[PDB]
Amino acid sequence: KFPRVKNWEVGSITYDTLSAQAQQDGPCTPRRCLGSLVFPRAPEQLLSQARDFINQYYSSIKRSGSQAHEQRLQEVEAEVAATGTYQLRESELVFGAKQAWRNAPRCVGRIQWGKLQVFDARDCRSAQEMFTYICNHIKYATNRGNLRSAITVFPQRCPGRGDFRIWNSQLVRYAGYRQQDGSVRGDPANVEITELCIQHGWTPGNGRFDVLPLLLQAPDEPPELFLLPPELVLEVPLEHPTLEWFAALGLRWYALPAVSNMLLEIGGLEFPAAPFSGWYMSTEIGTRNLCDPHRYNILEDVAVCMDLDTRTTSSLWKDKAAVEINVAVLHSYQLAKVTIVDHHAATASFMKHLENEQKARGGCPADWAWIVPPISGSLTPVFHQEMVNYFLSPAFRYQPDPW
Amino acid sequence: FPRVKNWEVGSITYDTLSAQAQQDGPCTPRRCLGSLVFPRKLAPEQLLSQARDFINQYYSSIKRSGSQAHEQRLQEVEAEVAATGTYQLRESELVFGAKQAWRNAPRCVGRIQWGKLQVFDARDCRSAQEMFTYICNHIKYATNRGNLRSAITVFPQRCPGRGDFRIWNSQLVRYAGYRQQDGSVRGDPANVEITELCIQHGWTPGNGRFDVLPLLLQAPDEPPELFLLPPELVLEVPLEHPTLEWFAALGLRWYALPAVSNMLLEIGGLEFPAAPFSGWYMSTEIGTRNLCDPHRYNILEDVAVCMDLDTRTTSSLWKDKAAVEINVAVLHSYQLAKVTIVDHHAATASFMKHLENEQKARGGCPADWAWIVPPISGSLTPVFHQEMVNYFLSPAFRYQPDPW
Ligand code: HEM
Ligand code: HEM
Ligand SMILES: Cc1cc(N)nc2cc(-c3cccc(CN)c3)ccc12
Ligand SMILES: Cc1cc(N)nc2cc(-c3cccc(CN)c3)ccc12
Ligand SMILES: C[C@H](O)[C@H](O)[C@H]1CNc2nc(N)[nH]c(=O)c2N1
Ligand SMILES: C[C@H](O)[C@H](O)[C@H]1CNc2nc(N)[nH]c(=O)c2N1
Ligand SMILES: [Gd]
Ligand SMILES: [Gd]
Ligand SMILES: [Zn+2]
């Protein structure tokens, strides 16, 4: 009844009993698997989710069945009956944010899941106070290059009030200016948000690494434009340890990966605004952000400077240029004393996580196509680890763009 | 109808062919098991219905459905199973079914070639010595002095009352793997079990890292018989690097012909447990998986040391630099020997074209993203950004239990 799961490098076999507890249904059926799709997608339903969360909390602290556990269950039942909703205790919120990270199947950094700084912003009341909370987040997490994981949780969704939203997909992003040729100067992934910042009063730049302002939405108000203080956004200029012309490319990236557009769901409550941040795995910058054809797309240019034969695929110039771009990313972050992890160290620590989670809960939801790095996949141990993908709550979820 | 997006281009298609998926895969709404290598698997009315669907497939594919020839073949099969318990495929039906099974293979990136397959009909095979003759002819035709040609040879269908034909080797060409005293392995670790079966059944073992194994062939209701491949039949490529002169001295080699021999072919209810097929290699199969996997030859650190890379820290990406040069050596050595090989960039681009072609021919294409995306430089190839739908159509190649 439980999926048998094999590691082909070592030969070992486990059974994922945790998946049987999967609380929501994914896209696959016995007739066809859709595991590679990027986006696949009251009172008594709220109560059964709340009850399950409270049960999770009290088990985490090994007080299951205690008087405090029973009373907290009764307390939540009474609040949902009177108001239609309930509030999390402070400690439940911290636990819930950590559990959501721990449950995120596509995250390879979950070895860190217990070391997460939770900022409680549930009494925020304006877009301006939102901005203050975000600046304190960026300050704490950046920590002058020594990165600390963090999440800031703004007020939960509630009836009769709009949501707090952060319109930006990340707290720090580079502008992408749509050209008349159909081309883009800057980051193409950010064309729409760039157009929305301009419409809302931002005087644009014309560089390739222009940091976008924040578009912040307080309940029942249009979004408000806030500029990030430049001394708060730590950036790394890219150079290569033995290719001195690389620095003349004029490349840079920012220190802090801070996703701001997902929804955090805890015990049936929904938090549409809850930015979270850790530190980068180098292949996200080197391979994806800089070499994706639809991103900055620098691969052919680096190869030509390296004087590779770009006229035939059989020279493996693409693989060679990509490797060196990743070397430069790693070298530049270490040189700038900004935390970063390479994809070998990251996937090694994830294997340690899988073994911890197997002992702790009997399984671990993992999306194989996202845990395997985008270069060198079979060189890392997760390639040979079979994985079971499924949805647990608390959870981080994708959500529609507020516009 | 699943909506499928290419994130590099922005294009959208709908896979209407998945609707016709015969059997059921491992996944449920509760959890996805698309990364498992083997799903935990391994009546006349049952046979006729599968036979019916295939005959209809065939006649539709030659624009003769509902025709006179269609209705006659249907009634012919009904009568043959009523009298025999099974039925026989027409030679053309066998060709069509073999090509379809390849075409429907979700994990094969080489399917752009699916129409060009040489089918060798061996259904009249009697002994293991005759099996060995059919095999050696396949190998010579498929190798073709290094201008590789795709091919399959079909041995007699399993039928009730008698044991099956089986090739015990997982491939026709396999290097031995010798369990060593200090726990380790000399040779290919994947083949430790078959290498000891060969020794058990008589084979005198070598002691190299690339001793080609003999073939353990099993006729119906017989013990397996050892057969030695003639050396001039097994084309091998010694591996050298275009600029690292010391690479040749590592003594690495690989063989020209990827010929899988332990999978079962299913056509319209019929099952052929011995039907070996072959194409040519993609370079990453050799250079990345077979030589660099930790549980295979595992040569990565060896090459990195010869390159004077800093193996002390993972962030020098010495594993990545060594891997790229091993794949370069593979491509260079195959091309130099004039043996057919394709790099993962060229291959993935051809599969994109196959996806487009199948979208018009059949409305979709079953594909297993985890196996289509190459094991190095995944996101540098265009299949990485292609969403894919995996399902099982028949005719098909299937995994089967080992004969022991
Ligand atoms: C501490 C260092 C961390 C590293 C190195 C890391 C690494 C990664 C990587 C490489 C991905 C794949 C993203 C992509 O390729 O697009 C990812 C996804 C993700 N990570 Fe982590 N992460 C870290 C911390 C965190 C934290 C602190 C959280 C939240 C508390 C988090 C939650 C997520 C989520 C929710 C996703 C994507 C989920 C989805 O798309 O469905 N991560 N992470
Ligand atoms: C002619 C050029 C061909 C190329 C370049 C090619 C390439 C590949 C590759 C890279 C795989 C992934 C297997 C792995 O490394 O794990 C594969 C799998 C497969 N191929 Fe193709 N192949 C070719 C021809 C063929 C032919 C002629 C057949 C049969 C008619 C075939 C049927 C299959 C099947 C059934 C699999 C699945 C193997 C498994 O999952 O066990 N292929 N192929
Ligand atoms: C916290 C954290 C650290 C890190 N190093 N990387 C991350 C990547 C994402 C991410 C999620 C979904 C989609 C995308 C863009 N494809 C990126 C989220 C959080 C991350
Ligand atoms: C025909 C053909 C051509 C080719 N180039 N490669 C192939 C690989 C396989 C294969 C089968 C089982 C396991 C693995 C490795 N996990 C690979 C089968 C047929 C192939
Ligand atoms: C089509 C494919 O699933 C999609 O492009 C995915 C594949 N795996 C990925 N894996 C990670 N970590 N990040 C990504 O953006 C993607 N893209
Ligand atoms: C666990 C995972 O499914 C397994 O390691 C797969 C992944 N993708 C693969 N892809 C190919 N071509 N060959 C393989 O052996 C594998 N192994
Ligand atoms: Gd230099
Ligand atoms: Gd030397
Ligand atoms: Zn699935």
Side-chain angles (χ1 to χ4, degrees), chain A residues 3 8 26-37 40 367-369 378 383-384 387-390, chain B residues 2 25-39 95 97-119 138 142 148-154 170-172 190 254 256-266 275-286 288-290 293 295-296 340-344 346-348 350-351 354 366-375 383 388-391 395-400:
Chain A
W8 293 87
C28 305
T29 77
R31 202 143 296 290
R32 81 282 183 284
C33 163
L34 300 181
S36 78
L37 262 63
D367 184 341
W368 191 97
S378 59
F383 184 94
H384 316 278
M387 294 173 182
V388 190
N389 196 13
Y390 51 92
Chain B
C27 291
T28 76
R30 201 165 280 274
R31 70 298 184 279
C32 171
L33 296 178
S35 74
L36 270 60
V37 181
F38 304 92
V95 167
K99 294 180 188 190
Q100 287 298 119
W102 182 8
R103 182 188 193 193
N104 295 330
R107 298 181 166 168
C108 173
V109 75
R111 280 177 280 169
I112 193 65
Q113 294 279 346
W114 74 268
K116 317 189 174 198
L117 174 65
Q118 182 55 64
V119 177
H138 176 128
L148 264 43
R149 290 180 294 203
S150 288
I152 185 189
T153 294
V154 189
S170 82
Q171 295 182 38
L172 299 178
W254 207 256
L257 192 53
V260 159
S261 48
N262 62 356
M263 293 188 74
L264 174 143
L265 167 65
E266 191 253 313
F277 51 86
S278 69
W280 49 85
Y281 268 115
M282 190 171 62
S283 39
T284 53
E285 306 185 62
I286 301 176
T288 304
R289 309 295 321 279
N290 294 341
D293 272 2
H295 52 291
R296 301 297 302 282
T340 304
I341 194 148
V342 64
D343 69 75
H344 52 290
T348 54
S350 75
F351 180 80
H354 173 71
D368 188 332
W369 190 97
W371 290 56
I372 298 301
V373 179
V383 293
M388 286 173 204
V389 187
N390 191 7
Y391 45 100
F397 293 103
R398 293 163 9 196
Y399 296 133
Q400 64 184 327

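Note that ligands are numbered from 1 as they come in the structure, with each ligand's atoms numbered from 1 the same way. A, B, ... follow the sequence lines: proteins, then strands. Residue 1 opens every chain. Heavy-atom basis, side chains included; hydrogens, waters and symmetry copies ignored.
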Could you tell me if any non-hydrogen atom of B:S150 lies under 4.0 Å from any atom of ligand 2? yes
Do B:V260 and B:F277 have side chains that approach each other closer than 4.5 Å (heavy atoms only, starting at C-beta)? yes
Is B:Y399 in polar range of ligand 2, meaning some N or O pair under 3.5 Å apart? yes
B:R111 and B:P366, any side-chain heavy atoms less than 4.5 Å apart: yes
Is it the case that the side chain of B:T284 and the backbone of B:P375 share a donor-acceptor pair, with hydrogens and angles ignored and the cut-off at 3.5 Å? no
Taking the side chain as C-beta and beyond, is there a heavy-atom pair between B:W371 and B:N390 under 4.5 Å? no
Kindly assign one of parallel, tilted or perpendicular to the pair B:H295 and A:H384, based on the angle between their ring planes and the thresholds 30° and 60°. perpendicular
Residue, atom name and distance, where the atom is the protein heavy atom closest to atom 15 (O) of ligand 2: B:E285 OE1, 3.6 Å
Can you tell me if B:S278 contacts ligand 2 (heavy atom of the residue under 4.0 Å from the ligand)? yes
Which heavy atom of the protein is the closest neighbour of atom 34 (C) of ligand 2, given with residue, atom name and distance? B:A105 CB, 4.1 Å
Answer yes or no for B:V109: is there a heavy-atom contact with ligand 2 below 4.0 Å? yes
From CG (B:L257) to OH (B:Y281), nearest 0.5 Å: 8.0 Å
Part of B:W280 within contact of ligand 2 (heavy atoms, under 4.0 Å): both
Any heavy atom of B:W114 closer to ligand 2 than 4.0 angstrom? no
If you round to 10 degrees, what value do you get for the angle at the Zn ion (ligand 9) between B:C27 atom SG and B:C32 atom SG? 100°
For residues B:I341 and B:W254, determine if any side-chain heavy atom of one lies less than 4.5 Å from a side-chain heavy atom of the other. no
Closest protein heavy atom to atom 16 (O) of ligand 2, given as residue, atom name and distance to 0.1 Å: B:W371 CZ3, 2.9 Å
Any heavy-atom pair between the side chains of B:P2 and A:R32 that's under 4.5 Å? yes
Regarding atom 10 (C) of ligand 2: of the candidates B:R289, B:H344, B:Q118, B:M282, which has the closest heavy atom? B:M282
With backbone taken as N, CA, C and O and side chain as the heavy atoms from C-beta onward, which portion of B:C108 lies under 4.0 Å from ligand 2: side chain, backbone, both, or neither? both
Is there side-chain contact between B:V37 and B:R107, with at least one heavy-atom pair below 4.5 Å? yes
Do side-chain atoms of B:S261 reach the backbone of B:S170 as a donor and acceptor pair under 3.5 angstrom? yes
Any side-chain heavy atom of B:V383 within less than 4.5 Å of one from B:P374? yes
Going by heavy atoms in the side chains, are A:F383 and B:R289 under 4.5 Å from each other? yes
With heavy-atom distances below 4.0 Å as the criterion, list the atoms of ligand 2 near B:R107. 11 (C), 12 (C), 17 (C), 18 (C), 40 (O)
Are any protein N/O atoms closer than 3.5 Å to the N/O atoms of ligand 4? If there are, list each pair with names and the distance to one decimal place.
residue	atom	partner	partner atom	Å
ligand 4	5 (N)	B:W280	O	2.9
ligand 4	5 (N)	B:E285	OE1	3.4
ligand 4	5 (N)	B:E285	OE2	2.4
ligand 4	6 (N)	B:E285	OE1	2.7
ligand 4	6 (N)	B:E285	OE2	3.3

From the candidates B:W102, B:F351, B:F277, the one that places a heavy atom nearest atom 25 (C) of ligand 2: B:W102
Is the ring pair A:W368/B:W369 parallel, tilted or perpendicular, if the boundaries are 30 and 60 degrees? perpendicular
Of the side chain and backbone of B:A101, name the one, both, or neither that has a heavy atom under 4.0 Å from an atom of ligand 2. neither
